[PDB]
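Student: Here it is: the structure, laid out below.
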Amino acid sequence: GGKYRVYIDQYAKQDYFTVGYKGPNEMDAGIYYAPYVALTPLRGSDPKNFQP
Amino acid sequence: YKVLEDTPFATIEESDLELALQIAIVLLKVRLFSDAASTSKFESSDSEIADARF
Amino acid sequence: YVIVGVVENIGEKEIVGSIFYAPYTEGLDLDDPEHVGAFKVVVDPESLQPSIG
């Protein structure tokens, strides 16, 4: 309707909808995902067999 | 060495075990086992790599 | 003992002989591919001595 942003839960378990609110301000949202560190790679190998 | 035929040395009268073995190679009772490993041998992580020394 | 046998190379594909060895290096990034095979280095995480194979 030009009003609600609709998203599809591609893995929905049954059949449902959830209506939620999100304000323009970052503090106005109910739940806050606040990343600190992301996708930092690690590298190495095992000296007994040289497999990476 | 690896055995090709059951009871290697069954027909080798040679008493000197070293020579009896040379005979087993010649007569195809036993084959030298030296060979490359199936690739999985070193992929299990439960692996042993022959040392090189000096 | 004594063994006699054949090694012949006519060209392109017509390669004949008793045992072909035929090493596999494709996909392995080599400095002078004529070398065949490659080195790997780890270095122990406890003792800090190097390790190579």
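Chain labels follow the order of the structure tokens: the first chain is A, the next B, and so on; residue numbering restarts at 1 in every chain, and ligands are counted from 1 in their shown order.
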Counting only C-alpha atoms, a student should be able to say which residues of chain B come within 9 Å of chain C; what is the right answer, written as a ChimeraX atom specification?
Tutor: /B:49,51-52
Student: Would you mind listing, for every residue of chain A within 9 Å of chain C, the two atoms forming the shortest contact and the distance between them in Å to one decimal, using only C-alpha atoms, sorted by chain and ascending residue number, as CSV?
Tutor:
```
residue,atom,partner,partner_atom,distance
A:44,CA,C:42,CA,7.9
A:45,CA,C:42,CA,6.2
A:46,CA,C:42,CA,7.0
A:47,CA,C:42,CA,5.4
A:48,CA,C:44,CA,8.8
A:49,CA,C:53,CA,8.8
A:50,CA,C:42,CA,6.6
```
Student: Identify every residue of chain B that has at least one atom within 9 Å of any atom of chain A, counting only C-alpha atoms, and report the result as an mmCIF file with N, CA, C and O atoms, in the first residue's frame.
Tutor:
```cif
data_model
loop_
_atom_site.group_PDB
_atom_site.id
_atom_site.type_symbol
_atom_site.label_atom_id
_atom_site.label_comp_id
_atom_site.auth_asym_id
_atom_site.auth_seq_id
_atom_site.Cartn_x
_atom_site.Cartn_y
_atom_site.Cartn_z
ATOM 1 N N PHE B 42 47.687 -39.958 3.104
ATOM 2 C CA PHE B 42 48.182 -38.789 3.792
ATOM 3 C C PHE B 42 47.102 -37.726 4.016
ATOM 4 O O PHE B 42 47.435 -36.603 4.395
ATOM 5 N N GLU B 43 45.824 -38.078 3.810
ATOM 6 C CA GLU B 43 44.726 -37.116 3.952
ATOM 7 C C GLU B 43 43.884 -37.285 5.227
ATOM 8 O O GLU B 43 43.137 -36.386 5.597
ATOM 9 N N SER B 45 44.580 -37.246 8.306
ATOM 10 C CA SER B 45 45.168 -36.377 9.337
ATOM 11 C C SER B 45 45.827 -37.253 10.406
ATOM 12 O O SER B 45 46.902 -36.932 10.946
ATOM 13 N N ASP B 46 45.315 -38.466 10.550
ATOM 14 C CA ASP B 46 45.880 -39.541 11.322
ATOM 15 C C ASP B 46 46.859 -40.163 10.339
ATOM 16 O O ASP B 46 46.542 -41.167 9.683
ATOM 17 N N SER B 47 47.974 -39.475 10.181
ATOM 18 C CA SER B 47 48.968 -39.742 9.142
ATOM 19 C C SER B 47 50.382 -39.752 9.640
ATOM 20 O O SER B 47 50.723 -39.116 10.640
ATOM 21 N N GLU B 48 51.203 -40.561 8.955
ATOM 22 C CA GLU B 48 52.649 -40.645 9.280
ATOM 23 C C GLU B 48 53.442 -40.429 7.991
ATOM 24 O O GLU B 48 53.217 -41.185 7.023
ATOM 25 N N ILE B 49 54.332 -39.442 7.983
ATOM 26 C CA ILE B 49 55.153 -39.115 6.840
ATOM 27 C C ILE B 49 56.560 -39.553 7.112
ATOM 28 O O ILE B 49 57.157 -39.126 8.090
#
```
Student: Contacts of region 32-36 of chain A at 12 Å or less, counting only C-alpha atoms, minus same-chain residues fewer than 6 places along, as a PyMOL selection string?
Tutor: chain A and resi 22+25-26
Student: Can you pull out the residues contacting residue 7 (chain A)? Cut-off 12 Å, using only C-alpha atoms, and skip same-chain residues under 4 positions away; I want them as a list in words.
Tutor: residues 11, 12, 17, 18, 19 and 20 of chain A
Student: Measure the distance from CA of residue 23 (chain C) to CA of residue 43 (chain A) in Å and round it to one decimal.
Tutor: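 These atoms are spaced 29.3 Å apart.
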Student: List every residue of chain B that DSSP, applied to the backbone of this structure, places in strand (DSSP E), and write the result as a PyMOL selection string.
Tutor: chain B and resi 2-3+30-31
Student: Emit the selected residues as a short mmCIF file (atom, residue, chain, number, x, y, z; two decimals), in the first residue's frame, including N, CA and C atoms.
Tutor:
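Wrote result_18.cif, looks like this:
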```cif
data_model
loop_
_atom_site.label_atom_id
_atom_site.label_comp_id
_atom_site.auth_asym_id
_atom_site.auth_seq_id
_atom_site.Cartn_x
_atom_site.Cartn_y
_atom_site.Cartn_z
N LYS B 2 55.57 -58.18 -0.74
CA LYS B 2 54.19 -58.65 -0.68
C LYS B 2 54.03 -60.01 -1.32
N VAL B 3 53.19 -60.84 -0.72
CA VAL B 3 52.98 -62.18 -1.23
C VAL B 3 51.94 -62.25 -2.35
N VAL B 30 56.52 -63.76 -4.63
CA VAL B 30 56.63 -62.54 -3.86
C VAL B 30 56.99 -61.37 -4.75
N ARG B 31 56.36 -60.22 -4.55
CA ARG B 31 56.76 -59.03 -5.33
C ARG B 31 57.32 -57.96 -4.39
#
```
Student: Find the distance between CA of residue 24 (chain C) and CA of residue 38 (chain C) and write it in Å to one decimal.
Tutor: 11.3 Å
Student: One decimal, in Å: what's the spacing between CA of residue 10 (chain B) and CA of residue 34 (chain B)?
Tutor: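 The value is 23.3 Å.
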Student: Give the alpha helix (DSSP H) residues of chain B, as DSSP finds them on the backbone, and put them as a list in words.
Tutor: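 Those residues are residues 17, 18, 19, 20, 21, 22, 23, 24, 25 and 26 of chain B.
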Student: Deliver the residues from the most recent selection as a file, using N, CA, C and O atoms, as an mmCIF file, in the first residue's frame.
Tutor:
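After the write, part_21.cif holds the following:
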```
data_model
loop_
_atom_site.group_PDB
_atom_site.id
_atom_site.type_symbol
_atom_site.label_atom_id
_atom_site.label_comp_id
_atom_site.auth_asym_id
_atom_site.auth_seq_id
_atom_site.Cartn_x
_atom_site.Cartn_y
_atom_site.Cartn_z
ATOM 1 N N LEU B 17 67.785 -67.935 3.790
ATOM 2 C CA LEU B 17 66.582 -67.142 3.670
ATOM 3 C C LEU B 17 66.768 -65.967 2.708
ATOM 4 O O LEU B 17 65.817 -65.574 2.025
ATOM 5 N N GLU B 18 67.964 -65.353 2.667
ATOM 6 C CA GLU B 18 68.149 -64.228 1.759
ATOM 7 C C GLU B 18 67.996 -64.646 0.310
ATOM 8 O O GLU B 18 67.492 -63.885 -0.524
ATOM 9 N N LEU B 19 68.503 -65.829 -0.013
ATOM 10 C CA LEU B 19 68.505 -66.276 -1.381
ATOM 11 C C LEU B 19 67.147 -66.820 -1.697
ATOM 12 O O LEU B 19 66.670 -66.695 -2.822
ATOM 13 N N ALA B 20 66.505 -67.438 -0.711
ATOM 14 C CA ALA B 20 65.189 -67.987 -0.943
ATOM 15 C C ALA B 20 64.268 -66.852 -1.345
ATOM 16 O O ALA B 20 63.413 -67.006 -2.216
ATOM 17 N N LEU B 21 64.468 -65.693 -0.723
ATOM 18 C CA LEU B 21 63.705 -64.507 -1.040
ATOM 19 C C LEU B 21 64.035 -64.017 -2.438
ATOM 20 O O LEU B 21 63.120 -63.724 -3.209
ATOM 21 N N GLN B 22 65.316 -63.993 -2.822
ATOM 22 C CA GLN B 22 65.633 -63.568 -4.182
ATOM 23 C C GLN B 22 64.929 -64.487 -5.177
ATOM 24 O O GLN B 22 64.408 -64.023 -6.195
ATOM 25 N N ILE B 23 64.889 -65.782 -4.863
ATOM 26 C CA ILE B 23 64.232 -66.761 -5.704
ATOM 27 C C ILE B 23 62.742 -66.466 -5.766
ATOM 28 O O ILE B 23 62.171 -66.463 -6.850
ATOM 29 N N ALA B 24 62.104 -66.182 -4.625
ATOM 30 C CA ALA B 24 60.680 -65.866 -4.604
ATOM 31 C C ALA B 24 60.363 -64.668 -5.505
ATOM 32 O O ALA B 24 59.292 -64.630 -6.138
ATOM 33 N N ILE B 25 61.281 -63.692 -5.584
ATOM 34 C CA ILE B 25 61.060 -62.555 -6.473
ATOM 35 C C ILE B 25 61.136 -63.032 -7.916
ATOM 36 O O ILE B 25 60.252 -62.747 -8.729
ATOM 37 N N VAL B 26 62.161 -63.810 -8.233
ATOM 38 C CA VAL B 26 62.343 -64.310 -9.587
ATOM 39 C C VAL B 26 61.182 -65.177 -10.042
ATOM 40 O O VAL B 26 60.710 -65.049 -11.165
#
```
Student: When you look at residue 7 (chain C) with a cut-off of 10 Å (counting only C-alpha atoms), what residues show up, excluding the ones that are within fewer than 5 positions of it in the same chain? I need them as a list in words.
Tutor: residues 15, 16, 17, 18, 19 and 20 of chain C
Student: Export N, CA, C and O atoms of the chosen residues as a PDB file, in the first residue's frame?
Tutor:
```
ATOM      1  N   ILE C  15      53.935 -42.773 -27.458  1.00  0.00           N
ATOM      2  CA  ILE C  15      54.938 -43.007 -26.431  1.00  0.00           C
ATOM      3  C   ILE C  15      54.756 -44.387 -25.827  1.00  0.00           C
ATOM      4  O   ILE C  15      53.684 -44.727 -25.324  1.00  0.00           O
ATOM      5  N   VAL C  16      55.802 -45.191 -25.925  1.00  0.00           N
ATOM      6  CA  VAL C  16      55.788 -46.580 -25.502  1.00  0.00           C
ATOM      7  C   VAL C  16      56.924 -47.006 -24.614  1.00  0.00           C
ATOM      8  O   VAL C  16      58.089 -46.697 -24.857  1.00  0.00           O
ATOM      9  N   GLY C  17      56.608 -47.771 -23.592  1.00  0.00           N
ATOM     10  CA  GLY C  17      57.677 -48.306 -22.799  1.00  0.00           C
ATOM     11  C   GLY C  17      57.194 -49.092 -21.622  1.00  0.00           C
ATOM     12  O   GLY C  17      56.020 -49.061 -21.265  1.00  0.00           O
ATOM     13  N   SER C  18      58.114 -49.817 -21.016  1.00  0.00           N
ATOM     14  CA  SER C  18      57.752 -50.623 -19.861  1.00  0.00           C
ATOM     15  C   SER C  18      57.805 -49.723 -18.649  1.00  0.00           C
ATOM     16  O   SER C  18      58.892 -49.379 -18.185  1.00  0.00           O
ATOM     17  N   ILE C  19      56.609 -49.379 -18.155  1.00  0.00           N
ATOM     18  CA  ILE C  19      56.331 -48.424 -17.093  1.00  0.00           C
ATOM     19  C   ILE C  19      56.433 -46.990 -17.613  1.00  0.00           C
ATOM     20  O   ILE C  19      57.405 -46.623 -18.263  1.00  0.00           O
ATOM     21  N   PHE C  20      55.381 -46.194 -17.393  1.00  0.00           N
ATOM     22  CA  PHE C  20      55.380 -44.815 -17.896  1.00  0.00           C
ATOM     23  C   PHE C  20      55.643 -43.705 -16.896  1.00  0.00           C
ATOM     24  O   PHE C  20      55.574 -42.545 -17.281  1.00  0.00           O
TER      25      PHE C  20
END
```
